[PDB]
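J.: Turn this into a structure:
(6 chains, ligands or ions: 6)
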6 protein chains.
Amino acid sequence: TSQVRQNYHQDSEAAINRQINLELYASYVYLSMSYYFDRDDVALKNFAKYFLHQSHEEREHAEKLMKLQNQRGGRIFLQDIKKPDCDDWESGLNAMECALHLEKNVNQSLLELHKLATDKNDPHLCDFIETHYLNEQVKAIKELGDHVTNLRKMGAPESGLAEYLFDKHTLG
Amino acid sequence: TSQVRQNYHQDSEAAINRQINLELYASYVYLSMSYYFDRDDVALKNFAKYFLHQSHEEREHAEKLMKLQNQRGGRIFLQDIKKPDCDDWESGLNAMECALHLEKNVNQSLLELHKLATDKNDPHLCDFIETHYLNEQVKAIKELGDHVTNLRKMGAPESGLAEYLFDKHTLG
Amino acid sequence: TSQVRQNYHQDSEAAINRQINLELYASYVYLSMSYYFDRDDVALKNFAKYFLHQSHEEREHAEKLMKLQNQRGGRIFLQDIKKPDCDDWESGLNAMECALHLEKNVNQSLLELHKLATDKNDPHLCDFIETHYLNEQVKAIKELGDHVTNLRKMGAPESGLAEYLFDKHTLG
Amino acid sequence: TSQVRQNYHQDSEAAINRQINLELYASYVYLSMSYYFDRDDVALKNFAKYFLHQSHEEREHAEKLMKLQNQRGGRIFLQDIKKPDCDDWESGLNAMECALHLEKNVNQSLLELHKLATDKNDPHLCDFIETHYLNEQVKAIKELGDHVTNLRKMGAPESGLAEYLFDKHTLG
Amino acid sequence: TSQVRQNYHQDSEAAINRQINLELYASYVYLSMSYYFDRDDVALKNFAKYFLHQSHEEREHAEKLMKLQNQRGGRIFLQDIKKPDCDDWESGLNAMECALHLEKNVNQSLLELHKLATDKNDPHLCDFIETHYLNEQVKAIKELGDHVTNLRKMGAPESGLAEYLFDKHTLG
Amino acid sequence: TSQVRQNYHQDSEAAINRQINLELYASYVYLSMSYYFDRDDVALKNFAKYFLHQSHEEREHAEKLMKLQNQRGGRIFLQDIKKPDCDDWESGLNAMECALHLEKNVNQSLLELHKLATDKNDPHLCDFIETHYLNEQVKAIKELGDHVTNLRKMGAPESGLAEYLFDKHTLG
Ligand SMILES: [Fe+3]
Ligand SMILES: [Fe+3]
Ligand SMILES: [Fe+3]
Ligand SMILES: [Fe+3]
Ligand SMILES: [Fe+3]
Ligand SMILES: [Fe+3]
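T.: Numbering: from 1, shown residues only, chains lettered A, B, ... in the order given. Ligands and ions are numbered 1, 2, ... in the order given. Pasting the structure now:
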């Protein structure tokens, strides 16, 4: 046992280890997306910048979870990061839609984790997810929904003018 | 009676009290409009900013009227602010059209008030409405008519590209 | 349903809509109070400034709640803002006492809302009320209790010297 | 009763009063430790600086708890601060080990207090302990565990070179 | 024996250890006083600030005595800090009166200590109490007597206006 | 085929895709290493900082390779990032030794890739590996060999003083 461990269930430690894997996978998906819009046949530079910064943020999220593990006396066990479930992302609209789907998946995993903490009487873990994850996620979900709405309104995916214009004004 | 009251008819005091209620209602309508364009299914950020600043201005208008009441020795009596007559505002064009309709309603109430002052020999009240309200209103009406014209020209409400583009260049 | 809605009960959405109405009413009460102390027969300038800034803060509180509604995929439904339950507020002490009463009413509505979130497993809403409302309210209640205590000590409401002196040193 | 009291159980008030006593005792223990390493026969200047700043922090923690008591309408009742349970602290390693033991004791008292708040439906108190105490404590526990690990690795307590070197590089 | 001990009687060492306990108790009394005037039913903010800074000063006095002990080769032995002899301090005037009483108690303990040094031929200890304690105490006693005089003159404790006014102009 | 593809063999494209996977794996190994030295039972803060920055660099290396793929008209295909082959890294010396082993593995993969380019007449790819990878790798290998030499000289892994001292002076 760790000399610093206090009120840290094995279930929580394990759930944290799984959260790290999911955040790392999310970063990989966004790195796939960013470079999709770097192709000469896509060329949406701002779409690429968006998913690159999202990828970096997800990595920061994983590194914060790993730090918490170490601070709670839990032991970080790492697993394989699976390949993004897609390689060709089609339009910018489909990529935003995929991103929303993945963010709502993380938020749920995070909510399930907050429930575990609430069920194991882990007030510190609760505050941590509330303080550093929950609202961030609600904020990403809303940004993506709005991106998706505007893209659909401007006529994307069929209007390439829209995706290009969306790139210059919003993502730009 | 107030020790500072001089040439202030009861009719004017009452008309001022009613003007305050209308300005407060106008602020509420614009607050409804601003948050309509904050929805994930609308996402017109600049439309939201426009109606938010309009809401703030209408509140300033009410507070100036309340100050005048106190300065003229009139007693401010407040009434219930009714709920904006709409909750779903549809397109950005419909919201601008509603805003014009409400501004022309305030200007008329203001003109009727200027008539009361002119009929009660209240030169101070007259200058006040002339100095702080009338032209402001003519200026809002013209800005809204132009917004409405450009939106209709660009193809709004049916062209979402137009509303989005209108948001980025004019409201933006 | 909203594309961004996740773990957001109808009860919570409705409770948020009601919280917005109460915050808007609180702003109206403080606007009534501010202009009460702008009368020539009252003339407590700092009392007026206090309740004006409180009014503005309550409006900011409502606008933050409306933003949260939009971010959680809830739909903002607005209701009529009732007239402040008083028009003549008597002394500065009575106004502070009314303000305390209304703040403890909001805090309770907020606490009841935090309970609903805790009962619907809404950790995000919980943090939101904890992060942006609860302590703020405890802080307002304490400022008002202290204002009320000092006013009663200095001899207010019967000592006009006290209310005037309280205005210059504390509110001033 | 206090005019500002709302949702504040007697149990919580009492638990807060006891938390204040423990934080004050912790400050006394750290003041004993700081001056232990100021002796001519010890002379670990940085060890002294560490426990002095820790002592000051614990005092700030008590003063924040006393402020919360006053803000919640609870009445601060103070008890005797017991003498630190030790006078000679031996090596720097033993002092760090004592400090860890005492920090894990405070964190537990804090966790028990968070449970009381969670059991009395005190969301404000909950956030307060989460916001200002819990993570701070997890952070102190981890800093001390690491200090203890490095000291044991470098060969302390038997190697005076280690304690001296630890003083110059880490505490220094 | 300490390698640095020279002309340091056991009586002096013990008297220094007792002086430390009294200074620590004085700090506790002032911390009780400071938070008394932070209550919603008292609300004398400047009275609170006064006794808080006094509390901090008394702690500095104890820490200087502990440093001297270490420098003279004496060994610091710590005892329990008793609870302030009061919990409710009534008026600001009574608190000042209590503070004077406690300061004259410390000065006497300090004078008795200076006598011990003069009787044991400890010129260094003599200068230390003369240099860092005696005049400071005479200066605190005079500030408190003057505070007490002005409070009694302005009509305190019965005039709450006085205590409030005293807070804004002198303590303020 | 891509409209920008010219002198880009399928073998090279595939070798680039494999290089990306290896660089991503290297980043994962360094992230495992960094957090190993963040444990309370390890606590080598500078060792953690070293492997964290190395992890970031390897990610930059992968992202540069992905950019080159897009610029040469090759299509990025991503595969699963395997879990670092170790979870407990033992001493700081073993971690450096592992890092050397992995860097010499990447350099070889890079050299094999430079051979493929030289064999397919791809002068651009050749310069790219020469310009951005080869020397960097020779420079990392030498830094790690030197780190390993100094650690072994100072007595690590058995001397914890050495690892701690190595952390403060070199990594520090
Ligand atoms: Fe994330
Ligand atoms: Fe207006
Ligand atoms: Fe509010
Ligand atoms: Fe503490
Ligand atoms: Fe003193
Ligand atoms: Fe690399």
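J.: Next up, the contacts around the closest residue to chain F within chain A.
T.: Residue nearest to chain F within chain A (C-beta to the nearest C-beta): residue A:81, separated by 4.1 Å. (C-beta placed from N, C-alpha, C; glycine too.) Counting by C-beta atoms under 8 Å, 6 or more residues apart in numbering or on different chains, residue A:81 touches A:21, A:24, A:25, A:28, F:28, F:80, F:81.
J.: so which of the residues you listed also contact ligand 6?
T.: Among those, no residue lies close to ligand 6 (C-beta under 5 Å from the ion).
J.: Dump these into TSV; add secondary structure and distance to residue B:126 as well.
T.: Listed next are the contacts of residue A:81 as TSV, based on DSSP: H, G, I helix; E, B strand; the rest coil; distance: C-beta to C-beta, whole Å:
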residue	secondary structure	distance to residue B:126
A:21	helix	74
A:24	helix	71
A:25	helix	70
A:28	helix	71
F:28	helix	77
F:80	coil	79
F:81	strand	77
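J.: Tell me how far residue A:66 lies from residue A:59.
T.: Between residue A:66 and residue A:59 the computed distance is 11 Å (C-beta to C-beta, to the nearest Å).
J.: Helices along chain A, start to end?
T.: A:10-36, A:45-71, A:92-119, A:123-129, A:135-154, A:160-166 (DSSP state H).
J.: For ligand 2, what's the nearest residue on chain A?
T.: Ligand 2 sits closest to residue A:146 of chain A, with a gap of 30.1 Å, by C-beta to the ion.
J.: thought that residue was touching residue B:40?
T.: Yes: contact status for residue A:146 versus residue B:40: in contact at 5.3 Å, counting by C-beta atoms under 8 Å.
J.: what's the nearest residue to residue A:5 once chain neighbours are set aside in contact with, if anything?
T.: The shortest distance from residue A:5 to any non-neighbouring residue, by C-beta to C-beta, 6 or more residues apart in numbering or on different chains, is to residue A:73 (3.2 Å). By C-beta under 8 Å, 6+ apart, the contact list for residue A:73 reads A:1, A:2, A:3, A:4, A:5, A:6, A:8, F:40.
J.: Could you give the number of residues near the second one?
T.: What that stands for is residue A:2. Neighbour count of residue A:2, defined by other C-beta atoms under 10 Å in any protein chain shown: 18.
J.: same thing with the last one?
T.: Residue F:40 is flanked by 22 other residues according to other C-beta under 10 Å.
J.: The residue in chain A that chain B sits nearest to: neighbour count?
T.: In chain A, the residue that lies nearest chain B is residue A:153 (3.2 Å; C-beta to the nearest C-beta). Using other C-beta under 10 Å, residue A:153 is surrounded by 20 other residues.
J.: Quick check: it touching residue B:164?
T.: Yes: applying C-beta under 8 Å, one finds residue A:153 in contact with residue B:164, separated by 6.2 Å.
J.: Specify the beta-bridge partners of the residue of chain A closest to chain F.
T.: Counting by DSSP bridges, residue A:81 is bridged to residue F:81.
J.: Okay, it and chain C: tell me how far apart.
T.: To chain C, residue A:81 is 25 Å away according to C-beta to the nearest C-beta, to the nearest Å.
J.: how close does residue A:119 sit to chain E?
T.: 38 Å.
J.: Run through the residues that contact residue A:157.
T.: Listed by C-beta under 8 Å, 6+ apart, the contact set of residue A:157 reads A:90, A:91, A:92, A:93, A:94, A:151, A:163.
J.: residues near the first one, how many?
T.: Think residue A:90. Neighbour count for residue A:90, taken as other C-beta under 10 Å: 13.
J.: That one: what's it in contact with?
T.: residue A:157.
J.: ok, it to residue A:44 distance?
T.: Distance check for residue A:90 against residue A:44: by C-beta to C-beta, it reads 12 Å.
J.: How about residue A:57?
T.: Remark: distance between residue A:57 and residue A:44 (C-beta to C-beta) = 20 Å.
J.: which of those two has more neighbours?
T.: Neighbours were counted for residue A:57 and for residue A:44 using other C-beta under 10 Å; residue A:44 has more, 22 against 16.
J.: Surely the more buried one is in contact with residue A:93?
T.: No: when contacts are counted by C-beta under 8 Å, residue A:44 is not listed as touching residue A:93 (11.0 Å).
J.: Need the residues touching each of those two.
T.: residue A:163.
J.: which ones are touching residue A:25?
T.: A:81, A:82, A:84.
J.: try residue A:5
T.: Per C-beta under 8 Å, 6+ apart, neighbours of residue A:5: A:72, A:73, A:74.
J.: and the gap between the nearest residue to residue A:126 once chain neighbours are set aside and ligand 6?
T.: Using C-beta to C-beta, 6+ apart and skipping residues adjacent in sequence, the residue nearest residue A:126 is residue A:117, 4.6 Å away. As defined by C-beta to the ion, to the nearest Å, residue A:117 lies at a distance of 37 Å from ligand 6.
J.: same thing with residue A:44?
T.: From residue A:44 to ligand 6 the distance is 28 Å (C-beta to the ion).
J.: what does residue A:7 give?
T.: Residue A:7 sits 40 Å away from ligand 6, going by C-beta to the ion.
J.: what does residue A:19 give?
T.: Plainly put, residue A:19 is 27 Å away from ligand 6 if you go by C-beta to the ion.
J.: could the contacts of residue A:73 go into TSV alongside distance to residue C:108?
T.: Supplementary listing: those in TSV, determined by distance: C-beta to C-beta, whole Å:
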residue	distance to residue C:108
A:1	44
A:2	43
A:3	44
A:4	40
A:5	39
A:6	35
A:8	35
F:40	44
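J.: which of the residues you listed lies closest to ligand 4?
T.: Nearest to ligand 4, judged by C-beta to the ion, of the contacts of residue A:73 is residue A:6 at 14.8 Å.
J.: do you know how far that closest one is from ligand 3?
T.: Distance of residue A:6 to ligand 3, computed by C-beta to the ion: 37 Å.
J.: State the number of residues packed around the closest residue to that residue other than its chain neighbours.
T.: The shortest distance from residue A:6 to any non-neighbouring residue, by C-beta to C-beta, 6+ apart, is to residue D:104 (5.7 Å). Residue D:104 has 19 neighbours, counted by other C-beta under 10 Å.
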